[PDB]
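S.K.: Numbering (the entry's author numbering), first residue to last: 27 to 264, 267 to 279, 289 to 496.
Just so it is clear, CB atoms sit at the ideal spot from N, CA and C, and this is done for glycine as well.
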Ligand code: HEM
Ligand SMILES: CC(C)(C)OC(=O)N[C@H](CSCCC(=O)NCc1cccnc1)Cc1ccccc1
């Protein structure tokens, strides 16, 4: 018939698909590894099939600019359909075509230089609570789980910035806001579920009517009333122009359409920030020279363990180098994807309506062809002297083009703002429980398989 015939017929190379599964079984080593191997084997372009769905992997920087930038609105506007979303259909990251265009520009005003600057003092409160929590754990001497302390900070930041609600999470070890969020996705291919959709996608519209989800009305009802609650607050006291505010501004934004974005943003700013800071501390711990060289810049730009400011945060060139370099090793997203909504030729390559075009970020970031010593943590590769030798289309930890990460500037600041405080008070040391080297899990979340547990000493 067809479907599986597509890449042989187009003469694009790739792994031979099995009936029904496609190349699904090759995800056994995780898909970054699968991607790494494909790159090595097939070169600049290749195809494969998630079940019956053709995916075209592309690695040329030109071709990548075309799909992410030059042809975003015209052909490549949406990501692959998600799996049973429900009312989350309207969440910006899941929305398509014109629905997305109106939400993008209704929400993009949230992350503007001035807005972040107003979040600066707000975080400079949750900064202090991170340390005072850590200082109690520097007493014992025995091992700290970064994901836990950092996850509780990030929660605090997002709930407070976007919403104006101080939920005190750092002075609340037991908290439902964080414990429901972390259980929002079990994206796992060893788990039959997301596996039994990206191979049984015909079963997606089956699940819509069954009202079943990727967070089964367990997490979403918490926030369906918890964000219904933060919503009344503003509608009552005749303050600040934030996320929760600028969504109240538009009320053509509806009600479950407001919640949906909140849920995105609550999740997004909890799981990323915390996963990346965990990665940064792992690298700083296992590279003490780099940890110090940074403690030095922080001390130089901010003497007497001074309170970080917006302006000073952008001064710290080595910090940014450290962050970018961790994000080179751990692009938390792994791949960027854009469904091709009409037949198209790009940079001299035919691509048929319906195909998913995929940019393997994790592979590009590790390309032995492009990066000298690509598995080594080498912050110096992002120096003024070297930074420009770096292709914004090979290095893409935040995606690119109109559909790139709405949360980028906030994330970078948020992270930098925590790191500053954390390092201007403590040093981090590997202990016996620390996994050296760090190995990644095989799920669809770029994560360490053992949590990063380190040692904390005062200064
Ligand atoms: C280190 C932290 C973060 C990283 C590495 C990251 C990375 C990414 C990537 C790679 C994408 C896809 C963009 C594309 O494919 O072109 C993305 C999209 C997105 N990110 Fe993030 N992100 C981070 C933090 C955040 C935060 C804190 C928020 C919350 C404000 C956020 C909200 C989003 C949204 C809403 C999208 C979808 C954008 C759209 O389709 O309009 N991200 N992010
Ligand atoms: C809908 C829900 C909030 C449950 O989650 C997602 O949006 N689904 C995607 C799965 S990846 C999980 C998070 C991660 O490790 N990295 C990516 C990320 C998440 C949020 C914001 N920025 C980056 C998440 C997703 C969202 C946008 C683009 C691609 C993936």
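(1) Any heavy atom of ligand 1 closer than 7 Å to the beta-carbon of residue 356?
(2) Inspect the beta-carbon positions of residue 161 and residue 374 and report whether they are closer than 8 Å.
(3) For residue 152, which of helix, strand or coil comes out of DSSP?
(4) With three or more C-beta pairs closer than 8 Å as the rule, is the region 461-474 touching the region 433-451?
(5) Give, in chain order, every unbroken run of the alpha helix (DSSP H) that is at least 4 residues long and sits entirely within the region 350-377.
(6) Kindly indicate the opening and closing residues of the beta strand (DSSP E) around residue 395.
(7) Using the Cβ count rule (16 or more neighbours within 10 Å means buried), how would you classify residue 329?
(8) Taking residue 467 as part of the alpha helix (DSSP H), name the residues at either end of that continuous run.
(9) Can you give me the start and stop residues for the alpha helix (DSSP H) that residue 494 sits inside?
(10) Can the beta-carbon of residue 461 be found closer than 8 Å to that of residue 339?
(11) Could you spell out the range, first to last residue, of the alpha helix (DSSP H) harbouring residue 303?
(12) At a cut of 8 Å, does the region 104-119 reach the region 366-383 through at least three beta carbon pairs?
(13) Using DSSP's beta-bridge definition, name the partner residues of residue 80.
(14) Just list the residues that DSSP pairs residue 344 with in beta bridges.
(15) Just reading off the alpha helix (DSSP H) that residue 451 is part of, what are its end residues?
(16) Specify, as a first and last residue, the run of the alpha helix (DSSP H) that residue 249 falls within.
(17) Please tell me whether, using a cut-off of 7 Å, the distance from the CB of residue 132 to the nearest non-hydrogen atom of ligand 1 is below it.
(18) Would you report the Cα separation of residue 219 and residue 400, rounded to the nearest angstrom?
(19) Considering just the uninterrupted stretch of the alpha helix (DSSP H) at residue 337, what are its terminal residues?
(20) Are there three or more Cβ pairs, one per stretch, closer than 8 Å when the region 70-84 is compared with the region 214-230?
(21) Does the pairing of the region 241-253 with the region 292-304 give three or more beta-carbon distances under 8 Å?
(22) What is the DSSP secondary structure of residue 187, counted as helix, strand or coil?
(23) Looking only at its chain, what residues have a beta carbon closer than 6 Å to the beta carbon of residue 111, apart from the 5 residues adjacent to it on each side?
(24) Grab me the residues of residue 192's own chain with a C-beta within less than 6 Å of its C-beta, minus the 5 sequence neighbours each way, in chain order.
(25) Under 8 Å by Cβ, that's how I've got residue 479 and residue 56 pegged, so tell me the actual separation to the nearest angstrom.
(26) Tell me the rounded alpha-carbon separation between residue 380 and residue 395.
(27) Residue 235: buried (16+ other C-beta within 10 angstroms of its C-beta) or exposed?
(28) Kindly indicate which three-state DSSP category residue 435 falls into: helix, strand or coil?
(29) Measure the CB-CB distance between residue 434 and residue 173 and report whether it falls below 8 Å.
(30) Could you tell me the boundaries of the alpha helix (DSSP H) in which residue 68 lies?
(31) Any contact between the region 202-218 and the region 80-97? By contact I mean 3 or more CB pairs, one from each, below 8 Å.
(32) Using the DSSP secondary-structure output, state which residues sit across from residue 44 in a beta bridge.
(33) Taking all protein chains shown into account, do 16 or more other C-beta atoms lie within 10 angstroms of the C-beta of residue 311, making it buried, or fewer, making it exposed?
(34) What's the gap between the Cα of residue 273 and the Cα of residue 260?
(35) With a threshold of 7 Å, establish whether the CB of residue 119 neighbours any heavy atom of ligand 3.
(36) Assign residue 221 to one of three DSSP states: helix, strand, or coil.
M.R.: The relevant details are as follows:
(1) No - ligand 1 has no heavy atom lying nearer than 7 Å to the Cβ of residue 356.
(2) The answer is no: Cβ separation not under 8 Å.
(3) In the structure shown, residue 152 adopts helical secondary structure according to DSSP, grouped into three states.
(4) No, because fewer than three Cβ pairs between the region 433-451 and the region 461-474 fall closer than 8 Å, the two stretches do not touch.
(5) You should have 354-366.
(6) Looking at the DSSP string, the run of the beta strand (DSSP E) that includes residue 395 is 393-396.
(7) By the 10 Å Cβ count, residue 329 comes out exposed.
(8) From DSSP, residue 467 is part of no alpha helix (DSSP H) but of the beta strand (DSSP E) over 463-467.
(9) Counting along the chain, residue 494 falls outside any alpha helix (DSSP H), though it belongs to the beta strand (DSSP E) covering 490-495.
(10) Yes, the pair counts as a contact, with Cβ atoms nearer than the cut-off.
(11) That run of the alpha helix (DSSP H) goes 293-322.
(12) Yes, the region 104-119 is in contact with the region 366-383.
(13) The bridge partners DSSP lists for residue 80 are 75.
(14) Residue pairing of residue 344 in beta bridges, as defined by DSSP: absent, with no partner found.
(15) 445-460 is the span of the alpha helix (DSSP H), which, as asked, contains residue 451.
(16) 245-260 is the extent of the alpha helix (DSSP H) around residue 249.
(17) At a threshold of 7 Å, residue 132 does not count as near ligand 1, since its beta carbon sits no closer than that to any of the ligand's heavy atoms.
(18) If I take the Cα positions, the gap works out to 26 Å.
(19) Per DSSP, the continuous alpha helix (DSSP H) segment holding residue 337 begins and ends at 325-338.
(20) The region 70-84 makes contact with the region 214-230: 3 or more CB pairs, one atom from each, lie closer than 8 Å.
(21) Put simply, the region 241-253 touches the region 292-304. At least three CB pairs are less than 8 Å apart.
(22) Reduced to three states, the DSSP call for residue 187 is helix.
(23) So the qualifying residues of the chain are 120.
(24) The beta carbon of residue 192 sits closer than 6 Å to the beta carbons of 186 from its chain, once the five residues preceding and following it are set aside; these are given in chain order.
(25) Between residue 56 and residue 479 the Cβ distance is about 4 Å, and since that is below 8 Å, they are a contact.
(26) Going from the Cα of residue 380 to the Cα of residue 395 covers about 16 Å.
(27) The residue in question, residue 235, is exposed, as its Cβ has fewer than 16 Cβ neighbours within 10 Å.
(28) Residue state, collapsed to three classes: coil.
(29) Taking the C-beta atoms as reference points, residue 173 is found no nearer than 8 Å to residue 434.
(30) For residue 68, the enclosing alpha helix (DSSP H) has its first and last residue at 57-68.
(31) At 8 Å Cβ cutoff, the stretches do not touch.
(32) As DSSP reads the structure, residue 44 sits in a beta bridge with 48.
(33) Buried, since its Cβ has 16 or more Cβ neighbours within 10 Å.
(34) Taken atom to atom, the span from the alpha-carbon of residue 273 to that of residue 260 is near 7 Å.
(35) As for ligand 3, it is missing from this structure, which binds only ligand 1 and ligand 2.
(36) DSSP places residue 221 in helix when its eight states are reduced to three.
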